[PDB]
Amino acid sequence: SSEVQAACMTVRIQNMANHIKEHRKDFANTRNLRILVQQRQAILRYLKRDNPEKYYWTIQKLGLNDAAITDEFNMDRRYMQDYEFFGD
Amino acid sequence: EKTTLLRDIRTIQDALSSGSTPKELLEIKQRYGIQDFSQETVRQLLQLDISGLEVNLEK
Amino acid sequence: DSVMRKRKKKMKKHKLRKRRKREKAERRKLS
Amino acid sequence: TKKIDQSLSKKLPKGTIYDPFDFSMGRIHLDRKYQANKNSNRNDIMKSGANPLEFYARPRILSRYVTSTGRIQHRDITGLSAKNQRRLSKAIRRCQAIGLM
Amino acid sequence: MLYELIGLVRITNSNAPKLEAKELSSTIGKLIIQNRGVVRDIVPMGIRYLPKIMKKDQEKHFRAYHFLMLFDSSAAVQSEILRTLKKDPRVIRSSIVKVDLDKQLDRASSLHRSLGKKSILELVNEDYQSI
Amino acid sequence: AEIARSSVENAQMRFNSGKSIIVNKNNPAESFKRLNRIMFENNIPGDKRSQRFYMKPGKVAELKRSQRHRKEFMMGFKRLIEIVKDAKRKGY
Amino acid sequence: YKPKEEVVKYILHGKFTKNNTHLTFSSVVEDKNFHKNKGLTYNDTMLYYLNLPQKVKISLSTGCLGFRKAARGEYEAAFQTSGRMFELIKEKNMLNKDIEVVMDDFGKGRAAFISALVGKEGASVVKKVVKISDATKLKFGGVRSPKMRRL
Amino acid sequence: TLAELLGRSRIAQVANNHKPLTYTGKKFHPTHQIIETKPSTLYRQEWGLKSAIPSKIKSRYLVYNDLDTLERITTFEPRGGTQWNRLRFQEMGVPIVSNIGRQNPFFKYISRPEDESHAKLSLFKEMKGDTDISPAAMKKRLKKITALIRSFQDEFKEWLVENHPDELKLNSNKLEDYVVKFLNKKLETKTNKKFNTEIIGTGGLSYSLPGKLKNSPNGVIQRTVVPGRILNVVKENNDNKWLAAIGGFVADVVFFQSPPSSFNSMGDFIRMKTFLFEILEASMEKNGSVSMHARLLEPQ
Amino acid sequence: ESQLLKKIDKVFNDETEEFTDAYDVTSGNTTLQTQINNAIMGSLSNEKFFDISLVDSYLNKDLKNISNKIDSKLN
RNA sequence: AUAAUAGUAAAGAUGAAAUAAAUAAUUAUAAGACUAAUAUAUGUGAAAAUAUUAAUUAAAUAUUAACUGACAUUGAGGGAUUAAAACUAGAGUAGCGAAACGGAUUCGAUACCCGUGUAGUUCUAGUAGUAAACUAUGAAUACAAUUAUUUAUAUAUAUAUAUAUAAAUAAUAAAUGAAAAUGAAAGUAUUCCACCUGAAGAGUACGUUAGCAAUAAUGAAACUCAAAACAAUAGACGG
Ligand SMILES: [K+]
Ligand SMILES: [K+]
Ligand SMILES: [K+]
Ligand SMILES: [K+]
Ligand SMILES: [K+]
Ligand SMILES: [K+]
Ligand SMILES: [K+]
Ligand SMILES: [Mg+2]
Ligand SMILES: [Mg+2]
Ligand SMILES: [Mg+2]
Ligand SMILES: [Mg+2]
Ligand SMILES: [Mg+2]
Ligand SMILES: [Mg+2]
Ligand SMILES: [Mg+2]
Ligand SMILES: [Mg+2]
Ligand SMILES: [Mg+2]
Ligand SMILES: [Mg+2]
Ligand SMILES: [Mg+2]
Ligand SMILES: [Mg+2]
Ligand SMILES: [Mg+2]
Ligand SMILES: [Mg+2]
Ligand SMILES: [Mg+2]
Ligand SMILES: [Mg+2]
Ligand SMILES: [Mg+2]
């Protein structure tokens, strides 16, 4: 189910993001992280179409909002600076 | 609770084979709720869920 | 394109590079 | 002279069957041409199914696949599968780094 | 994680060849068991001549006592052990290789696995059922 | 002491390099021929010459590819000649 | 307790480059009282006998025999230089103990030295030679060689 | 149908063989089926194979591996010489005897379990007779068997408590015996290597029964004399017997007391001369070889 | 630490043998016989290293309902 | 490179040369860079790349079981990564080596060869986004005749082969093609993106955007001409 897939991806996204924060030059795994985040967006976008009630419940529990899902996301350098991904 | 399952199951099997009834057993009859200390009470304290699954699968 | 034809582009690029080096030099003296 | 070089005479094993051709020079030449180390498999640990990477702390076994100077032998010479050659070379390089080979 | 340490200890005293090795195994073993670790086995390999003359802390060596130590610890503890071995003047060379436990929990030392004994149970069951 | 005196023979030859021959006092020119064989089977002369000048990595890769092809091509050629000889022997 | 320097063997080293041939004859000297010293460990004793000190006795190049410039790296220059060495080893009474020959590189003098030692010029020295070896120095990666010459 | 006919065709009768036609190892018995063509068919290069054999071949005997190949040739060798080795053995009239005094393999004897007392020796031979087995196919004999044997646990958990309960409560020395018998008793019905590929007796070299005497015009023959050749001029190293080449077989020759002086004289050319030998006995080993023992009869 | 001191003494002792890997020492079946016996006998096995069958029969009242059954038969 | 040691008088270089108590040998010390065999870049990676060892973290395979129920493909704009050279700071600097200064060669030699050798080549933190960045061949899907060779999974046994199904590579049928050839695509089809419309002028000029800078991206027109280009054929020629 899309909700389960998103949750399973969330765990891996959280783990992979922690790796990137300690290996900021590991571009191979940064690319993997980006693709995984975009995959989670894709599965949740389908969920919103298929079962809207479950969709809003799922994103609320995962800590996301509708904007995070629908909006185009590239996890680019501006994102790393606007959300202080690496800190300082 | 420093008491361990193995040690507790070694007192319920020695007290049941020696006749001694130290107050520890009464406490053990509360730590586990096993009021009666018999050979068929340690077998029900150590039951593993896997055993139930094996019978549900056969049915 | 063949090497023969590539060589025409090579000459044009060389002359452009030669002219830009020449212009640079002038700017340095004129500056 | 009552002596012949061993390379010019064939010694027929005991219990074997022979043909008149087995006393000729053609047999001598034919045995040289088709002389291959085919009995290695039964004496070759790495051609038995063991993982060569488990021998990284046993230089004596690994020293059977390097030349006198320590150069790892090409797969053309060892006759190993690609995987075993790959694993054997890793074992030897690891053995060299540990200080055993 | 299961780790396999192979250390080349220095033989300073020809009268007590297996002295620094015993003292070193105790030091390493104590680090492991005092940091939530388990020591699975200690396989001595005996005095062997080094492939060449090796150097350490402005000293030269031509022989060493080889020993293997299979132990279970965390990655942080494993790095701490490696750091101590790389600094101890007694140790000439030390390597720690991970032994994968994905498929089975009981793996024997590479030396034993090379001889066909894949688990410590196989080694123990060949010392009780047949010894 | 003498313990360090009677254990120097093996020790001396325990750290061998593999590029040494024990000369045959009878035929000393056969021992030099054996040493030459070691040099050629470890490619010592070839490696030394190849280390005199630097070659770009791309050129090195090209030469390695061509050499392998020629080695494999020769093996395929000899296999076909063997078939020819066998076929000729049987009257084909 | 007393310096007891004694010769154990001789090393005949030949360096055969592209432009010259260098031949060095040396003596492996062993102080036979080293083990009698005080405060000496088993390791120090074994380490002293595994690399015994060496002393140079004869040092020759092809220019010592009058070969100049381009002729120094030729076959004939090496053959004559090898002869002069085999003679100086007999004229110095250094043909009593065993000799170990060490060859270094593969220039044109390597095959001249071998011919001069397996022939009449080296019929005295060859009888004492016990071990031949190669000491060509190769690099596993190492420093960058000069660029290829465009000729 | 055509398929039925093909299965019975003469080409189908020859068992598939890809063994090297040029083998330089030790030969103990024939490896390829000899093919023979009649003179009339040979004149027309007809051998009953797929293609005509080249006219260069003048022999009427060959051995082959493949009817056709990617090289557009037949893989064959124009030789049939193992038949002459068998016929020369027949002419020597020495029956093959068992050095272990085993039952004759060519007779349907009523055997009993005298040797079946080694049930644990051979029941485990199935898993332990794996000298040349793959490292993982042999490992498939561990899980595949374990499940099969583990399926008989209930049967042996009841039989053992109903036929030998004392052992289950006293000692397992006899329990292990009941286990070895149980599996064999439950395996004789099964078919594990039901077909045995081991050579049966002589392998077809000789079907002669020992006991018969050879009548001759000069009386009954008591000792068989056969011309032969001595191969080596020095006894086999580590063995007290020389080697002879008698009738296409290599035998061990035992001399009366001394070695004839022609040995030292001839030297390494000793094989150039023919001596007379007496064939003492002929045995068959498990490798499929014939152990022929001879005696160098010297003119006296 | 008590186990460590006993292990070090028992392995680095002159009597103990050390894996010197200088020769191909000579002599599976042992461990294969323990498996065969534990597969057939199961709970009623004599192997020191038994399988989960024994622990399952215990918690399933089988090793006890058979011990009484055997004893009742003996009666 | 430095120091010691004995031992000497030449050494080094080249086509031949000449420029700048040694060379060689045996020890000891220091420093930076590089990674021999294995090895096929096989394989792996989006490409760029990637082969001395170990460890940590991350990602990656096949089959089976269960599950979701078209959630897919492609992808303007956009985003990210991107060899070598180059640039901005701070370290490092053995070897190599633009430039420069010398030695030769030559009629001349701003070269090819030799010497001394600065930037650079190295590391850390950045800028920049360019290569014959090439398979000069965008991605996806359905499909079509064979062989050989490896690899993988599975199956069987009279146990080591045999039988299957995929992948890779090699040679091909058909088909396609200007041909050379391609060969599971450069075939038969479908979907989406990028790009082209004679040569030269020109990837230039101007403007704009971006960059510390070198530059990078975008990108014309006039004038002139009837050319210009590819594959293949037969020759001629080749130090
Ligand atoms: K590749
Ligand atoms: K639907
Ligand atoms: K889309
Ligand atoms: K785009
Ligand atoms: K530098
Ligand atoms: K390319
Ligand atoms: K595209
Ligand atoms: Mg997607
Ligand atoms: Mg074009
Ligand atoms: Mg020269
Ligand atoms: Mg230079
Ligand atoms: Mg020097
Ligand atoms: Mg390499
Ligand atoms: Mg590839
Ligand atoms: Mg896309
Ligand atoms: Mg800088
Ligand atoms: Mg220069
Ligand atoms: Mg950038
Ligand atoms: Mg540009
Ligand atoms: Mg471009
Ligand atoms: Mg490239
Ligand atoms: Mg895709
Ligand atoms: Mg531009
Ligand atoms: Mg053309």
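Within every chain, numbering begins at 1; the chains are lettered A, B, ... in the order of the sequence lines, protein sequences first and strands thereafter.
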Whichever of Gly70(D) and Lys15(G) has its nearest RNA chain J nucleotide further upstream toward 5':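 Taking each residue's closest nucleotide, the earlier one in sequence belongs to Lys15(G).
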Along RNA chain J (nearest heavy atom to each residue), the more 5'-positioned of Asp50(A) and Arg150(G):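 Of the two residues, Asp50(A) wins.
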Residue pair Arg83(E), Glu80(E): steps toward the salt bridge (charged side-chain N to carboxylate O under 4.0 Å, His left out) verdict: CA-CA 5 Å; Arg83(E) 180 178 316 100; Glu80(E) 165 58 12; 2.6 Å; yes
Electrostatic pair [X]-[Y], nearest N-O below 4.0 angstrom:
{"X": "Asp132(H)", "Y": "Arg42(D)", "answer": "yes"}
{"X": "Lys71(F)", "Y": "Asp76(D)", "answer": "yes"}
{"X": "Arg71(D)", "Y": "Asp47(F)", "answer": "yes"}

Face-on cation placement of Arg72(G) at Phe67(G) ring, 6.0 Å and 45° thresholds: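 Negative - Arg72(G) is either too far from the ring of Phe67(G) or too far off its axis.
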Cation-pi, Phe16(G) ring and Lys108(G) (6.0 angstrom, 45 degrees): no
Whole-Å [atom1] distance, [N] and [M]:
{"N": "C223(J)", "M": "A132(J)", "atom1": "P", "result": "34 Å"}
{"N": "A144(J)", "M": "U150(J)", "atom1": "P", "result": "27 Å"}
{"N": "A18(J)", "M": "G115(J)", "atom1": "P", "result": "15 Å"}
{"N": "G97(J)", "M": "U118(J)", "atom1": "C1'", "result": "10 Å"}

Could you list all N or O pairs between the protein and nucleotides 234-237 of chain J that sit under 3.5 Å apart?
none

Output yes when at least one side-chain N/O atom of [X] is less than 4.0 Å from OP1 or OP2 of [N], else no.
{"X": "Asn20(G)", "N": "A11(J)", "answer": "yes"}
{"X": "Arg34(A)", "N": "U81(J)", "answer": "no"}
{"X": "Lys56(F)", "N": "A83(J)", "answer": "no"}
{"X": "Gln73(D)", "N": "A37(J)", "answer": "no"}
{"X": "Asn15(A)", "N": "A58(J)", "answer": "yes"}
{"X": "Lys69(G)", "N": "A10(J)", "answer": "no"}
{"X": "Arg24(A)", "N": "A58(J)", "answer": "no"}
{"X": "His74(D)", "N": "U40(J)", "answer": "yes"}
{"X": "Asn43(F)", "N": "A36(J)", "answer": "no"}
{"X": "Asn51(G)", "N": "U27(J)", "answer": "yes"}

Contacts of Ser82(G) that satisfy side-chain hydrogen bond (donor to acceptor under 3.5 Å, both in side chains) - sequence neighbours left out: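 With sequence neighbours excluded, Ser82(G) shows a side-chain hydrogen bond (donor to acceptor under 3.5 Å, both in side chains) to no residue whatsoever.
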Audit row: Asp105(G), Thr136(G), side chain to side chain donor-acceptor pair (under 3.5 Å) steps and yes/no: CA-CA 5 Å; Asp105(G) 193 25; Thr136(G) 315; 5.0 Å; no
Pseudorotation half of [N] (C1'-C2'-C3'-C4': positive north, negative south):
{"N": "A152(J)", "answer": "north"}
{"N": "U137(J)", "answer": "south"}
{"N": "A20(J)", "answer": "south"}
{"N": "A98(J)", "answer": "north"}
{"N": "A166(J)", "answer": "north"}

Planes under 30° and centres under 5.5 Å for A133(J) and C134(J):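 No, the criteria are not both met.
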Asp104(G)/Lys48(F) under salt bridge (charged side-chain N to carboxylate O under 4.0 Å, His left out): CA gap, chis, key distance, verdict: CA-CA 11 Å; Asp104(G) 196 1; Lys48(F) 188 65 178 180; over 6 Å; no
Distance, rounded to the nearest Å, where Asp1(C) contributes CG and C196(J) contributes P: 16 Å
Protein-nucleotide distance (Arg144(G), atom CZ; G97(J), atom P), rounded to Å: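 Distance, rounded to whole Å: 8 Å.
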For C71(J), glycosidic torsion class - syn if within 90° of 0, otherwise anti: syn
Would you indicate what [X] reaches in the nucleic acid, counting non-hydrogen atoms under 4.0 angstrom: base, sugar-phosphate, or nothing?
{"X": "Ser50(F)", "value": "nothing"}
{"X": "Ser1(A)", "value": "sugar-phosphate"}
{"X": "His19(A)", "value": "base"}

Protein-to-nucleotide contact annotation, 5' to 3' order, nucleotides 42-52 of chain J [B base; S sugar-phosphate only; - none; under 4.0 Å, heavy atom]: S---B-----S
Contact letters for nucleotides 197-209 of chain J, in which S counts primed atoms plus P, OP1 and OP2 and B counts the base, heavy atoms under 4.0 Å: ----SSSSS----
Pairing partner of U215(J) (Watson-Crick or G-U wobble, both distances under 3.5 Å):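 Because both required distances fall under 3.5 Å, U215(J) counts as paired with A210(J).
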Candidates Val29(G), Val28(G), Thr24(G) - the one meeting side chain to side chain contact (heavy atoms under 4.5 Å, CB included) with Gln54(G): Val28(G)
Closest contact, heavy atoms only, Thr30(A) versus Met80(A): CG2-CE, 4.2 Å
Look for any protein N or O under 3.5 Å of an N or O in nucleotides 154-158 of chain J and output each such pair with its distance, or none.
unit_1  : atom_1 : unit_2    : atom_2 : d
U155(J) : OP2    : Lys140(H) : NZ     : 3.0
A158(J) : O4'    : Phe195(H) : O      : 3.1

Pairing between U151(J) and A173(J), Watson-Crick or G-U, 3.5 angstrom cut-off on both: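 Donor-acceptor distances not both below 3.5 Å, so no.
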Distances for protein N/O vs nucleotides 6-9 of chain J N/O pairs under 3.5 angstrom?
unit_1 : atom_1 : unit_2   : atom_2 : d
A6(J)  : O2'    : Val56(G) : O      : 2.8
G7(J)  : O4'    : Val56(G) : O      : 3.3
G7(J)  : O2'    : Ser59(G) : OG     : 3.3

